[PDB]
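> Sequence, then structure. It's an experimental one.
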There are 2 protein chains.
Amino acid sequence: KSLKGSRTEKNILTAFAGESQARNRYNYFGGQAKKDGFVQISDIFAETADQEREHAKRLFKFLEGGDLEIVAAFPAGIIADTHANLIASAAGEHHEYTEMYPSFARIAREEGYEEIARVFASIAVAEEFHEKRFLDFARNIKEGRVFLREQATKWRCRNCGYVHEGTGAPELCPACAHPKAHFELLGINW
Amino acid sequence: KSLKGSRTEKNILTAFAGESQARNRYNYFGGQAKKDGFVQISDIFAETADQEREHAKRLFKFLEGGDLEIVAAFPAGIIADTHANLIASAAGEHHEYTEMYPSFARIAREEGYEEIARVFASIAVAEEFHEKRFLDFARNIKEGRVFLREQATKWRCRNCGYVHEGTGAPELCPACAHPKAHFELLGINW
Ligand SMILES: [Fe+3]
Ligand SMILES: [Fe+3]
Ligand SMILES: [Fe+3]
Ligand SMILES: [Fe+3]
Ligand SMILES: [Fe+3]
Ligand SMILES: [Fe+3]
């Protein structure tokens, strides 16, 4: 039915607003990650920013009216060092899939908007992987395993694609001469 | 002084939230412009989205705390045809420089935050050009002068840079074979 004048309508705008701020936060965090020497982590933040843009677009496409008042609490800033930024992000992601989305999906059902409850529940699934990914990176940093493993693996320079075998990523890539910050664990997903 | 517990603090988060949603709206509007056959207009929306990201970043950098509750009305959606999207954008831009920013700048002063009042007043200046730019494009569309003038001018294909002299942009660019949608009025600003 019509969305105008329902708790769900107000809920979609709230989700859109939080997702909108998250996209900006993740992009700023990506910038700081790059300046901290974590290029792979920098690009993940950027990718996540992009994915929130898409969660925001699906929700926005449901909206049909003019002005709508919202009451909501959002994190009042802070761009810190990368490890802290990763911890703050996971926490935000955590609240979305554990509290915000489940609740909004539940309400949309009570109100006869199953398709929107379907979308709200599906976004939460993606929000769970974002948190996990942020948590793993935070841990690697804290344990110092970002650029060095205990056993010998293959490392890839994201800048030129040079593959390196060893316990750790080299100081400078021998092909493109870009620094260690550009190396990641070689991955294959096909 | 400290920003915590001031009307200004709440005002910065509000500006950050609205700017955050504007960046997403302008990007969605850019997509629709591209699908409407207005590539120059599409890129302007994209550029504007990027500039709001930067207004949002300056404001965000002032924030120092945790969670903060906000009460505010935001436009509850709508991606329509390009002319309407341009009209809605100018209106939003209009409210920012005429009402929101002046007011927030005024309050920041009463509260001893001159530097923030300085930033708030400077953003409004940029918000005034965004509106004007959106208004001109809306008018050209409505009057049908997007791809055709009364006197003969020079038109440039944004895709390959081919310069065309005439009253109107050609159906297909002769160099890159991309359609009329890619042409703009040749401009020089140096
Ligand atoms: Fe999210
Ligand atoms: Fe997320
Ligand atoms: Fe390399
Ligand atoms: Fe703005
Ligand atoms: Fe603007
Ligand atoms: Fe061309």
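All right, it came through fine. Numbers count the residues shown, from 1 in each chain, chains lettered A, B, ... in the order given. Ligands and ions are numbered 1, 2, ... in the order given.
> Which secondary structure state is assigned to the residue nearest the centre of chain A?
Central residue of chain A (Cα atoms, centre = their mean): residue A:48, 3.6 Å from the mean position. Three-state assignment for residue A:48 (DSSP: H, G, I helix; E, B strand; the rest coil): helix.
> Return the residues of chain A in contact with ligand 1.
Counting by Cβ under 5 Å from the ion, the residues of chain A lying close to ligand 1 are A:52, A:96. Placement of C-beta: from N, CA and C, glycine included.
> Is there proximity between stretch A:120-140 and ligand 2?
Yes - taking Cβ under 5 Å from the ion as the criterion, stretch A:120-140 and ligand 2 are in contact, through A:127, A:130.
> buried sites along that stretch?
A:120-121, A:123-124, A:126-128, A:130-131, A:133-135, A:137-138, A:140 (16 or more other Cβ atoms under 10 Å in any protein chain shown).
> Now, the residues you listed that are in helices?
Using DSSP state H, the members of these that fall within helices are A:120-121, A:123-124, A:126-128, A:130-131, A:133-135, A:137-138, A:140.
> Closest to residue A:93 out of these?
Relative to residue A:93, the closest of these is residue A:131; by Cβ to Cβ it sits at 3.8 Å.
> What residue in chain A comes nearest to ligand 6?
Among the residues of chain A, residue A:50 lies nearest to ligand 6; the distance is 28.8 Å by Cβ to the ion.
> got the buried residues for the host helix or strand of residue A:12?
Using DSSP states H and E, residue A:12 falls within helix A:7-35. Neighbour-count burial for helix A:7-35, with 16+ other Cβ under 10 Å as criterion, is recorded at A:8-30, A:32-34.
> and that helix with helix B:7-35, angle?
90 degrees (axes from the mean of the first three to the mean of the last three Cα atoms, to 10 degrees).
> Output the contacting helices and strands for helix A:7-35.
helix A:39-60, strand A:67-75, helix A:82-95, helix A:101-110, helix A:114-143, helix B:7-35, helix B:39-60 (3 or more Cβ pairs under 8 Å, 6 or more residues apart in numbering or on different chains; DSSP states H and E).
> per-domain residue ranges of chain A.
According to curated CATH domains, chain A comprises the domains A:1-145, A:146-190.
> Of those, which is nearest ligand 3?
Closest among the domains of chain A, once you apply Cβ to the ion, is domain A:146-190, at 3.1 Å.
> Say whether ligand 3 is contacted by the closest one.
Yes - using Cβ under 5 Å from the ion, domain A:146-190 reaches ligand 3 at A:157, A:159-160, A:162, A:173, A:175-176.
> In ChimeraX, select just the buried ones from the residues you listed.
To isolate the buried members of the residues of domain A:146-190 next to ligand 3 in ChimeraX, using 16+ other Cβ under 10 Å:
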select /A:157,159,162,173
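> Just name the closest of the residues of domain A:146-190 next to ligand 3 to ligand 4, please.
residue A:159 (34.8 Å).
> didn't the closest one look like it was pressed against residue A:173?
Yes - if you go by Cβ atoms under 8 Å, residue A:159 and residue A:173 touch, sitting 6.8 Å apart.
> Give the intersection of the neighbour lists for the two.
In terms of Cβ atoms under 8 Å, 6 or more residues apart in numbering or on different chains, residue A:159 and residue A:173 are both contacted by the residues residue A:182.
> one step back: kindly reformat the helices and strands packed on helix A:7-35 as JSON lines and extend each row with distance to residue B:73.
Listed next are these as JSON lines, based on distance: least, Cβ to Cβ, whole Å:
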{"stretch": "helix A:39-60", "distance to residue B:73": "16"}
{"stretch": "strand A:67-75", "distance to residue B:73": "4"}
{"stretch": "helix A:82-95", "distance to residue B:73": "24"}
{"stretch": "helix A:101-110", "distance to residue B:73": "19"}
{"stretch": "helix A:114-143", "distance to residue B:73": "21"}
{"stretch": "helix B:7-35", "distance to residue B:73": "10"}
{"stretch": "helix B:39-60", "distance to residue B:73": "18"}
